[PDB]
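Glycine gets a Cβ as well: all are built from the backbone with ideal geometry, and neighbour counts include every protein chain shown. Nothing in this text is a laboratory measurement; each read-out follows from the coordinates by a stated rule.
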Amino acid sequence: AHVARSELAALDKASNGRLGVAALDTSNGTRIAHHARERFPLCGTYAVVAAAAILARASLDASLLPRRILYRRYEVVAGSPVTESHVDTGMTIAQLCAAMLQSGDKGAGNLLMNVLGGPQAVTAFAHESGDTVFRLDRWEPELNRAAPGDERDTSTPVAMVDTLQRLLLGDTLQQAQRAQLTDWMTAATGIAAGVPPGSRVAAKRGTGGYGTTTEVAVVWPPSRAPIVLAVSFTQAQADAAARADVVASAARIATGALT
């Protein structure tokens, strides 16, 4: 027989992995929750909080964003397309933030965590901003291992939504720094492929072991109030292939349900 299911319940059933979705419609407070209080791997989405931590310090220290970091090639791990290409000159802290957020540059992430005080310093910034769920435990690339059960390097979809709203829409950061984080995160798959055409999207994607994809975004549909979204999909087999189409489908269902 046919079993009536919600759109997300049907997507979950058809995808045969573990799916987490949180969304917030800021026009009316509506929340979408699909396993939204279970932990999922952060992967590269920690970079939103790490860049915010840099920016909060930059508000009090005008030398920080233009500070040039000289690094050797063995100081940037595999997965560092931008920092590898500038190893001869070094890069500024601002350039590293852009590279970490826009290009998933893992060396840039580790260099910035060196400035901040390690993954625990990223966690402390989350905690001070009001997020008591987020935990970053490891450096690049091990933070992306995404092993089943493991709570290291995780958060819940609903906490991911709340933190992203505070950072990009709320008052965690000064307005100039909020704008800068937004600009870094706005400069084709996943959430971007599921939102209505013409939407403005500020987003960060992460990927990991166990075929994990985790993505967070603020979405401004054309002439519509912003929706905050967090999606994570992770699979049973350690060598599984990422399924960015599942993330796109979850984003299409959630933004369609709110609009």
TODO: Considering the convex hull of the alpha carbon atoms of the chain, report its projected area averaged over all viewing directions, in nm², one decimal.
DONE: 14.0
- [ ] Run the quick spin-label model on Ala236 and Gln175: label points 7 Å from Cα toward the beta carbon, then report their separation in nm to one decimal.
- [x] 5.3
Task: Span from the region 95-117 Cα centroid across to the region 151-195 one, whole angstrom - done: 16
Task: Label zone at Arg200 (point 7 Å along Cα-to-Cβ), backbone N below 16 Å, region 173-192 - done: 175-187
Task: Peptide ranges 125-138, 169-182, 67-80 listed from the most packed, as the mean C-beta count within 10 angstrom indicates - done: 125-138, 169-182, 67-80
- [ ] Run the quick spin-label model on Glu142 and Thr92: label points 7 Å from Cα toward the beta carbon, then report their separation in nm to one decimal.
- [x] 3.4
Open item on the list: Calculate the FRET efficiency for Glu151 and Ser15 from the Cβ-Cβ distance with a Förster distance of 22 Å, rounded to the nearest 0.05.
Closed with: 0.45
Open item on the list: Between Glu7 and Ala124, what is the label-point separation in nm under the 7 Å Cα-to-beta-carbon projection?
Closed with: 4.3
